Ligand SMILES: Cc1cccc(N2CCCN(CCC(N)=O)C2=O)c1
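Encoded as structure tokens, the following chain is the form deposited without the named molecule, with no partner shown.
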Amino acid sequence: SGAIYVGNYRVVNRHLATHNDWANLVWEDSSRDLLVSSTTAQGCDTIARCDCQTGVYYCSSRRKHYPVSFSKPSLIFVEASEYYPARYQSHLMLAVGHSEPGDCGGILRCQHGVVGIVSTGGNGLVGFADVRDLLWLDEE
């Protein structure tokens, strides 16, 4: 589990969004596994605006942060998981590491702040939903 908290925004995996996230929806995209909902309190987090290919993610299934290299966000075939069928996901970054379904929502960070959230796993990769393209997360 987990989310990004930037301004009056809460960024979560679409597949883990609550009734309340949907009830206060801002934006959502199933191709990205992303949902954004409005928040009453303001958030501690800063979004990266950059093309860094190195950073650190939280792995909740190892209670550990791991430094990774990762591909630029792209349109990737992900095999079938407990929360999705085998499908094309867009704006996805892949690194070599550990990701179980429960690890979705853990942060990936670089020197510029939050890059994305764990969204895929299996066959020794960890996939992350890029949010660096979402410039509207920074104001309003």
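Basically, rigid core = biggest C-alpha set you can superpose within 1.5 Å across the two forms. Heads up: residue numbers just count along the shown sequence, starting at 1.
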- [ ] Between 38 to 46 and 94 to 102, point out the one with the higher average CA B-factor as the PDB entry records it.
- [x] 38 to 46
TODO: Quick one: say whether 111 to 119 or 74 to 82 has the higher mean Cα B-factor in the deposited entry.
DONE: 74 to 82
Task: Position of residue 32 among the chain's modelled residues by C-alpha B-factor, lowest, middle or highest third - done: lowest
Task: Modelled-residue ranking by C-alpha temperature factor, third containing residue 88 - done: highest
- [ ] Place residue 11 in the lowest, middle or highest third of its chain's C-alpha B-factors, as listed in the PDB entry.
- [x] lowest
Task: Chain third (lowest, middle, highest) by recorded CA B-factor, residue given as residue 129 - done: lowest
Task: CA B-factor ranking of residue 23, expressed as a third of its chain - done: highest
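As for the form solved in complex with the named molecule, it is not shown, yet the points below apply to it.
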Open item on the list: Open or blocked: after superimposing the binding-site C-alphas and transferring the named molecule from its position in the deposited bound form, do three or more ligand atoms sit within 2.4 angstroms of any backbone or C-beta atom?
Closed with: blocked
Open item on the list: Quick check on residue 43: any heavy atom within 4.5 Å of the named molecule in the deposited bound form?
Closed with: no
Open item on the list: Please tell me whether any heavy atom belonging to residue 87 falls inside 4.5 Å of a heavy atom of the named molecule, as the geometry stands in the deposited bound form.
Closed with: yes
- [ ] Sequence order please: the residues of 116 to 137 with a heavy atom within 4.5 Å of the named molecule in the deposited bound form.
- [x] 118, 119, 120, 121, 122
TODO: Determine, with the core as the superposition reference, the one member of 96, 50, 56, 86 that shifts its CA by 2 Å or more between this form and the one not shown.
DONE: 86
